[PDB]
Amino acid sequence: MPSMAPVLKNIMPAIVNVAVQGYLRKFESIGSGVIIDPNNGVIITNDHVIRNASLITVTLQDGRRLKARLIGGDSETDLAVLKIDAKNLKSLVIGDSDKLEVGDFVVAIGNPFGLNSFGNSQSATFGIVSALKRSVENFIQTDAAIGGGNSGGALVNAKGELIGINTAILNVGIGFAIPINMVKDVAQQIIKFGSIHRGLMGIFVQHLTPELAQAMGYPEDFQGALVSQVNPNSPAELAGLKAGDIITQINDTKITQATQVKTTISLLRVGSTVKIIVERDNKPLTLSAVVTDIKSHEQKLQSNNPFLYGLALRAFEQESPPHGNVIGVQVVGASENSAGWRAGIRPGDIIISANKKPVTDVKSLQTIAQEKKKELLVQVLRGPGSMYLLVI
Amino acid sequence: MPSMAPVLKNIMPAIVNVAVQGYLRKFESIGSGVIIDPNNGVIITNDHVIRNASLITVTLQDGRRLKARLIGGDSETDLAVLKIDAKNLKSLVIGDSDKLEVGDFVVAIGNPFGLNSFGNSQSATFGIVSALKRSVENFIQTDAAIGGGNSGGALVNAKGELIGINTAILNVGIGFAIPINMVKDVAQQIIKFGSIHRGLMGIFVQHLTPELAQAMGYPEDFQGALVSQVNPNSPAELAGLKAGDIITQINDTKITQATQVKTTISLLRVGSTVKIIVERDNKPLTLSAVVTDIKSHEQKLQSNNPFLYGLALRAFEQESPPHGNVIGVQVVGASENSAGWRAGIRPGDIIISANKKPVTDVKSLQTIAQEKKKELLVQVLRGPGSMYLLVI
Amino acid sequence: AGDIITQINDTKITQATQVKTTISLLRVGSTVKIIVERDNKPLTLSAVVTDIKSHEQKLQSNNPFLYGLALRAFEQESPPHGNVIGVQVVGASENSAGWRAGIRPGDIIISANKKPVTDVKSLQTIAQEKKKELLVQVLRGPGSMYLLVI
């Protein structure tokens, strides 16, 4: 007689209750957690379960109510790692969430927002994987949900292995899970450093469909991640990556799915050399690239183009009463965080001279901006009036 | 390790996305579709998915976004057949939906109204058949639903065969499906003719319960469809069908269920001779009958009874101030679409003479109505007053 | 353009509004005789009313990827992309192959069948590469994406 009872009875102690008290006004909040290292008391829940906590208490199936410590959380991946100091703890076999398919049977273990606050008992619910993660697009999706779903709890496969960590967004009958492969890596890194310090690579990637594979000269079943854009002066550009490359391996991981790429890179730390294997018009190339600090990169960009950085510019000529024939460069956009904004330049402004010299096109503006001076004097037409501005 | 993953991976390409633009004000709308003939690009969705469309685009799992043509739809069965011109298409094995039982495991494949507009990925959800069709009464019913259910998508059995086509009426956790046997027949007929042209048979049928079987002199397990009424001058009457007959076979289909009968006959076309095998007080009889055009039949009825057609009549005698003793035939009802309504006759009218002659009962009225004349002069009492009317 | 219509078939044309009414009710397949003054010379033209769907069908497959698209040459510094050179999609008919593939007004086509796109003719020429698909790289705000127009 088949039943999930045997596997669940063994893994249930691994799931726990997570209770939080805090101020936002004082509030309560409860969710679930999973013990992923029994020897050191390391529990995973969602970041949103424990945000704003002054107090966090873990209740085990065995009855103990334990004071827990936050080792660190990561709001973007919605994960948080906790420590409790206690012995005789149980966990479960961790699995590989890259190996999941639509149609596999799963069980989600974790109380809904309403339920069994008081019993040391975690509700179980059964179903299949309905759709794989694809960044609702951001998670493993299931039809195993109860009460609008669980946060912090375990998603396990038919064997009892942990394949993800549940989460509850506000989809009737649909359950969501953060895949365990990603969870592992944010756990290690929060454990070692206390938080993820994301750096910059500058690679935008897209799902390689069979359609696109074939149109790009590869078989229908070919797998990889399509590079859709490589920014200028980005680490990916230094490394030789081009739009149209198909990424097939990063470091030790084979890429068969664009969603893979974006997770790996994310959780990788400024300083890391990264091996990227690429296919380009059917030739393999191995590029190497260094993750850099986002604020450093913005610095480079700024001190390289100190007066015009953050501005979108185009050539402009137009008879424009009351000014007569107006020739210049139109500021089409401007980041609030630019020397240009700070000096007063706004979108819609026409720059008609720089350092008292006439400006005809963008190039002509960029050249004068290269002049080794402390400041750029800029004359702008703005609708029917005009200002001189100083860009420092 | 059991899993629905292998069967679903093979049939998933058969399911598609259906996107529609139109005016009702412009609107969008998306549902799903199933490819039932890969060689000719023939897709099934629901009629309600594609109604009011000026544009219909099919997205395949492989990535192609394809312009689709409406070959025809049928709002009563809520089905619509589509063509796309494209090669390398996949379908699935079509199954027999007469063979389904409560308790069989099923998977419904198709995105809910909310979900994955953008991924070429169709959500899957798992369960059992909860109740068989019984015309909510009109469909196969399941506990495989997500997000309030899918329209246009596939319902498949444990083997991966298509057993129905999903539909979403506005029942939490309950999924509905239009059974595939019916779908097949409306597809062929929409393909050949562009739409279903329903004719008239005139057979009302009822579920034969064990209770009723026994009370009618057959074993508890006897199957068939109970004829509850046969209209006068109907094709079923010409063919010899009587109330109390138990239909057991129509053409090539054995009838074990009343719901069967009504579908078959429906989709059958004016002109078709139809074999009906019947049981009557335990003797088998084979009747033959011809489907006729509904408007022709109404014509026959009218030109046969040209002045009184569409009227409900009873004998009437009553002392009725201020009229004294009133003898006549009371019009108890009247169809707006009758020579009688058009002339002014209303329910509650007493017909007291016809062609200047007194009317005592219905029969007496019918006889004068048979007179070979261009018109019927009718004198009516209406409450306290009276009108002469001319029925043409 | 600048011809003056004085007659359509046997109806005589004295105002602009008659033209719509005389012609709208003419059936597909008809020969229509349009009589005109052009520089004070009378001419008589003959034209065949076509089916609307068939005409749009003809424009469509005669221009299979770019039909319905309003397009202009585009050069602009555009943080974070740097200097973006390409063809801006200014309008896109909701029934075009381009709209179907995913293109939207605002997008900048920066490459086609893997070559750089500079002016509108450069895109038109690449579009004529003898295929059943045009591969386009579009820049949309800070992102980018490959689409296949079919």
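Below, each value reflects all heavy atoms present in this structure, side chains not excepted, and no hydrogens, waters or symmetry copies. Letters A, B, ... mirror the listed sequences (proteins, then strands); counts begin at 1.
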Donor-acceptor pairs are to be reported for all side-chain atoms of residues 53-61 of chain A against protein atoms at under 3.5 Å, with residues two or more places apart or in another chain.
{"residue": "A/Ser54", "atom": "OG", "partner": "A/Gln21", "partner atom": "O", "Å": "2.9"}
{"residue": "A/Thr59", "atom": "OG1", "partner": "A/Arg65", "partner atom": "NH1", "Å": "2.9"}

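- Other residues, nucleotides and ligands place more than 12 heavy atoms under 6.0 Å from the CD atom of B/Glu28.
- Residues passing the side chain to side chain donor-acceptor pair (under 3.5 Å) test with A/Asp78 are A/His48, sequence neighbours excluded.
- C/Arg104 meets the salt bridge (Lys or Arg N to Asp or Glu O under 4.0 Å) test with no other residue; sequence neighbours excluded.
- Within the structure, ring pair (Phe, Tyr, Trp, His ring centres under 6.0 Å) contacts touching residues 111-132 of chain A (residues at least two apart or in different chains) are A/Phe105-A/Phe126.
- Under the rule for a salt bridge (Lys or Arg N to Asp or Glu O under 4.0 Å), the partners of A/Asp74 that lie at least two apart in sequence or sit in another chain are A/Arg198.
- The salt bridge (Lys or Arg N to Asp or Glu O under 4.0 Å) search around A/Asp252 returns none, not counting sequence neighbours.
- Not counting sequence neighbours, the partners of B/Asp62 by the salt bridge (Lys or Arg N to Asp or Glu O under 4.0 Å) test are B/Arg64.
- Residues satisfying the side chain to side chain donor-acceptor pair (under 3.5 Å) criterion with A/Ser121, sequence neighbours excluded, are A/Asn116.
- Taking a 6.0 Å sphere around NZ of A/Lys262, one finds it holds 12 or fewer heavy atoms contributed by other residues, nucleotides or ligands.
- Results of the side-chain contact (heavy atoms from CB on, under 4.5 Å) test with A/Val106 over A/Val156, A/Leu155, A/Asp143 single out A/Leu155 as the only residue that passes.
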Exercise answer: donor-acceptor pairs, residues 2-20 of chain A side-chain atoms, under 3.5 Å, sequence neighbours excluded:
{"residue": "A/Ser3", "atom": "OG", "partner": "A/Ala5", "partner atom": "N", "Å": "3.0"}
{"residue": "A/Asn17", "atom": "OD1", "partner": "A/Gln122", "partner atom": "NE2", "Å": "3.3"}

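- Atom CD1 in A/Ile178 sits 10.0 Å away from atom CG in A/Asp47 (nearest 0.5 Å).
- Qualifying side chain to side chain contact (heavy atoms under 4.5 Å, CB included) partners for A/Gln260, counting only residues two or more places apart in sequence or in other chains: A/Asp98, A/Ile255, A/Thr256, A/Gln257.
- The side chain to side chain contact (heavy atoms under 4.5 Å, CB included) check on A/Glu161 picks up A/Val93, A/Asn157, A/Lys159, with sequence neighbours excluded.
- Judged as a side chain to side chain contact (heavy atoms under 4.5 Å, CB included), and not counting sequence neighbours, the contacts of A/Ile169 are A/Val136, A/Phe139, A/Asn171, A/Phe176.
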